[PDB]
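One structure is given here, and the rest of the page talks about it.
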Amino acid sequence: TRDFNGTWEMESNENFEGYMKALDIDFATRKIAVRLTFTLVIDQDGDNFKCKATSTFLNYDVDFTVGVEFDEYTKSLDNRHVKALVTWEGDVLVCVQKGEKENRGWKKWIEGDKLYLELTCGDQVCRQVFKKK
Ligand SMILES: C/C=C\c1cc2ccc(N(CC)CC)cc2oc1=O
């Protein structure tokens, strides 16, 4: 199933601290954000995605079409410009964010009814798991 539509509530968050530190998020912001539980609202229509991640402190939005490279300004996080491209590797949705940081991107997939989001930057990998609400 390649269907990420819906509202998703975080159940687990592994190594979010490492990912944020790899992005150079300022200490105070990072210390608060590592504590947070996130909710995702995903609108998926063909290749068109509108994504909205929310918490009490850090909110992140991205819109894209699969297979269409786009400029992303990561102003809610590290405030960098990346050239982002989201494509399918099987049923895994894969984003590569080309720019200053090496190995920067994310992957997302459904397994056992749960949504998995893997965030990478540098040598850090963060794994988040969400249940469908
Ligand atoms: C799956 C597509 C939409 C979607 C992509 C997405 C990408 C990244 C992201 N984060 C890292 C900057 C915050 C946890 C959250 C996201 O949330 C989404 O809903």
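Since every read-out is calculated from the coordinates, none of them should be taken as a lab result. Because the Cβ atoms are built from the backbone with ideal geometry, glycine has one as well, and the counts that use them run over all protein chains shown.
Observations on the model:
- You can think of it this way: the chain between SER76 and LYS132 has 17.7 nm of extra reach, that is 0.36 nm per residue less the Cα-Cα gap.
- The Stokes-Einstein estimate for the chain, based on a Kirkwood radius over Cα pairs and taken at 25 °C with 0.890 mPa s viscosity, is a diffusion coefficient of 163 µm²/s.
- The distance from the alpha carbon centre of the range 97-133 to that of the range 1-48 is 8 Å, rounded to a whole number.
- Think of it as helices only: each DSSP H run of n ≥ 4 in the chain is worth -39500 (n - 2.57), and spread over all residues that comes to -2500 deg cm²/dmol at 222 nm.
- Neighbourhood net charge (9 Å Cβ-Cβ; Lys/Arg +1, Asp/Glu -1) for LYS131: 0
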